[PDB]
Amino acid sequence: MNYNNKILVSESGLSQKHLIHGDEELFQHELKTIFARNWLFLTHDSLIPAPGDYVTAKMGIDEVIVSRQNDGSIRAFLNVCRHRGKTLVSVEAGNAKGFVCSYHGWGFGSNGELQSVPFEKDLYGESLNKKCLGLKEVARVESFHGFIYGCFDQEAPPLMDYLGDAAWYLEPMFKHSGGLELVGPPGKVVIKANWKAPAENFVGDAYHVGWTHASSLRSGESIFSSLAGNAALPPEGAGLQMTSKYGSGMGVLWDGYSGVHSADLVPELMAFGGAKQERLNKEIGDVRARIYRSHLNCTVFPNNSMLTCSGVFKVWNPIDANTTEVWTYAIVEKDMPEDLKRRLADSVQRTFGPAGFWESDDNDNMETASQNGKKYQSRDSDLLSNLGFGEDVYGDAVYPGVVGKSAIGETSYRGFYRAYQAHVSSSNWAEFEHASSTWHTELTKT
């Protein structure tokens, strides 16, 4: 397949070829044009707070070690020994001044430097240039209010700019709330779906909630529960959708601070969020204080998703075209009482973790949609994302980005796939920028 020419996503992001969820050659191409190029979620300050603390993380199919340096910065390195290529670290988290390879005992510092080689003097003499044998370092590591992302491509936009118009919506909860903590360790489960299936679902799919999650809505008693079995369409102006230049997008459901949490947490959460909102009106204004306590279903392009307020934080780690390793953390507000944080974390896993009853509702949807992309008669068929097209705006006086002023639609699908197609057909960031110079115009046509 010629990725320069092949139309995998139609103009305005209106449709995508079904093969994108199944084609292994395209998966391999994504490793280069998506995962080696873009910002990927690594960890949170709360998981590596002290010097020497480290975790392992995936970046695409590569594994990295993410380490807190003595100076308070964070650096990340390929989890691969520079000698004969053995995996250096076999655990998920810990604290250490360095890492010793179990094959021939080469010792690397927390700063990636080759610090010791067994019997170096007797064996290599002065001939080993350890200075050039440090671990292969992730070129870019940056923080968004404690959330740490990495990028293998030195040419990438800074993380703040990459978030584009999505950052404005995230800030009330990520910044003005006083800050969030990530509660680990994550649940980890493999699903037989393409990474794009859950990514697209979280970025912009409210349409599925009432039908897919009918049983969870009916059984759990959460605040979104009127939707069960498509019994009720949300009121006018119940929310909006947005998308951005570099692919990130989200839905906003006004006031839905208790999110998917069962009735056992609803009154406490609605009290807590409302109280903080009242304080925030004065500092960031009524609209943004309201956004703070509104449910956001977001994907940070390409494969990190979240539900704020519900507190669900996901990484869709790619394995192959029909295999994805799902990591699930809980996010909580730092100033919440500790007992509430504990119960919120448990409730995140109860609903969206490895035995998450909500998350289970989505399984067959993601898996079969992905696997059907391999089937001969479906490869060249068109997946539709046209709901709401022709009603999106850009440059609104109140809400930034390409925005659909309706709770349910496919605005965010279109922006996600516009960015995806621009990357798949480009050789570097400059070419992506050239391919994106009219991004919002394309999305708001008609």
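Note that residue numbering follows the sequence shown and begins at 1.
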Legend entry - 393 to 401 versus 55 to 63 - greater average Cα B-factor per the deposited record: 393 to 401
Inset, instruction - May I ask you to compare 418 to 426 and 5 to 13 by their mean CA B factor in the entry and name the higher one? - result: 5 to 13
Inset, instruction - Can you pull the Cα B-factors for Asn317, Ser222, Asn297, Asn372 from the entry and say which is highest? - result: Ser222
Inset, instruction - Between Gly249, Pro198, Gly237, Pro302, let me know which has the highest C-alpha B-factor in the entry? - result: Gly237
Inset, instruction - Sorting the chain's modelled residues by C-alpha B-factor, tell me whether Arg288 ends up in the lowest, middle or highest third. - result: highest
Inset, instruction - Divide the modelled residues of the chain into thirds by Cα B-factor and specify which third, lowest, middle or highest, holds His145. - result: middle
Legend entry - Cα B factor band for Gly98 (lowest, middle or highest third within the chain): highest
Inset, instruction - Could you tell me which third, lowest, middle or highest, the C-alpha B-factor of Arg84 occupies within its chain? - result: middle
Inset, instruction - For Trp211, return the chain-relative third of its C-alpha B-factor as stated in the PDB record: lowest, middle or highest. - result: middle
